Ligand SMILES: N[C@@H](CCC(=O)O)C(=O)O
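Coming up is one lone chain in structure tokens, specifically the form solved without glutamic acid.
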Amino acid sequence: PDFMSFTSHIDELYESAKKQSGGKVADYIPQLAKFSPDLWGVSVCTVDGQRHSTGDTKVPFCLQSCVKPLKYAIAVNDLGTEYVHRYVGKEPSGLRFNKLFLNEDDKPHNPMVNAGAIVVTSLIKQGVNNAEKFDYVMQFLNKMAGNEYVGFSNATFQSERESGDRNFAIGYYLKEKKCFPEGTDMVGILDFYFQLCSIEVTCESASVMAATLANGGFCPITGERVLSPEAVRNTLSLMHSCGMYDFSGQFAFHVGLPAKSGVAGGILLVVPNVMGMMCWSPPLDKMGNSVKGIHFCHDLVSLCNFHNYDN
């Protein structure tokens, strides 16, 4: 409504979350361990195109799991809900089944878990080599960001692949259970998966991608239709219930917004018909979510009444 006054509250919330110094920076690969715990950035892009940034918003970092809802949207956009959900489920697994790769029907629980993102990766642009598949997804992310920063980290790619024994275990398990479409080169799909995890954004460019999802699939800084209404609706439902790892249920109850976190410390946040946001702070909590970002999200809903069922 009054954008100038709203940005002052964003700056206040940014400053309050800055004092929250807890957490541990992810250190399983040296490309994540490198990062300073003090980096903290918040970028907002409204559905009308209004922008606002505070902090470290032009420093590139990997999307990691923040790419999961984006490639799911691309798959539904090109293939439809029915085809995509023959290979992947549509609900959270719960704390009891959080270590199992598949559900009762031999399908990955949802697109937001590793097994589900690996199957979704196998459905995109079938029939062409990995170079063409990667270019096709980059072309799509550039439209979602309004041609803003979309890069690639080769160091992260080489490190994820050399140390991803758990993902290779998922790959061979999905192959044994017939989870992939026929004629899938599983090892090549894992390569394409590690490449998508290694795509780099800034808070500024990623907030535009979140504002595309908040604006019914239309990029707000170009006015271009990028995703179908069906792809956007399905991505937002699954971000609301499955996007914050084992904290998804607490986040749906207290925050009630579609969001997705990554191991780099990013939280892609969507406020439907209002704005898109990207919070980034490398230190993660026990659940794997950014400590500063989680604090910021709780304060944002309390102050601005953005929760789905807020009156």
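Superpose the two forms; the largest set of C-alphas matching within 1.5 Å is the rigid core. Residue numbers run from 1 along the displayed sequence.
Greater average departure of CA atoms from the shown form, over structures and residues in 8 other deposited structures of this protein after a core fit, characterises 100-108 among 202-210 and 100-108. Put simply, when the other structures in 8 other deposited structures of this protein are lined up on the rigid core, the C-alpha atoms of 86-94 lie farther off than those of the other stretch, from 86-94 and 128-136. Higher mean CA temperature factor between 42-50 and 261-269: 42-50, per the PDB entry. 288-296 and 8-16 differ in mean CA B-factor, and the higher of the two is recorded for 8-16.
Note on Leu236, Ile221, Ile118, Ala169: the highest value goes to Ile221, judged by CA B factor as recorded. By the numbers in the PDB entry, the CA B factor is greatest at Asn98 among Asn114, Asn98, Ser122, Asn110. Per the deposited record, the Cα B-factor of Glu200 falls in the lowest third when ranked against the other modelled residues of its chain.
Per the deposited record, the Cα B-factor of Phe140 falls in the highest third when ranked against the other modelled residues of its chain. In the deposited entry, the Cα temperature factor of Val232 places it in the middle third of its chain's modelled residues.
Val208: CA B factor lies in the middle third for its chain, per the PDB record. The PDB entry assigns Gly151 a C-alpha temperature factor belonging to the lowest third of its chain's modelled residues.
Just so it is clear, the following notes concern the form solved in complex with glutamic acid, a form of the same protein that is not shown.
Classification of the binding site as open follows from the superposed pose of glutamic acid in the entry with it bound: not one of its atoms falls inside 2.4 Å of a backbone or C-beta atom here. Considering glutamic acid in the entry with it bound, the lone stretch of 246-254, 267-275, 59-67, 34-42 in range is 59-67 [heavy atom distance within 4.5 Å]. Contact check for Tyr136, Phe140 and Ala231: none of the three has a heavy atom within 4.5 Å of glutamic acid in the entry with it bound.
Although the partner is absent here, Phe192 lies well away from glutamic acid in the entry with it bound, with no heavy atom inside 4.5 Å. Mapping the unseen interface onto this chain, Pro283 falls outside it, with no heavy atom inside 4.5 Å of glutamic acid in the entry with it bound. Heavy atoms of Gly262 reach within 4.5 Å of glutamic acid in the entry with it bound, making it an interface residue.
Not displayed here, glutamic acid is kept clear of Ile74 by more than 4.5 Å at the level of heavy atoms in the entry with it bound.
In summary, among the residues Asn167, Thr222, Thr184, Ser153, the only one with a non-hydrogen atom within 4.5 Å of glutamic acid in the entry with it bound is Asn167. Think of it this way: in the entry with it bound, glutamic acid has a heavy atom of just one of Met239, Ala145, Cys197, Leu123 within 4.5 Å, and the residue is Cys197.
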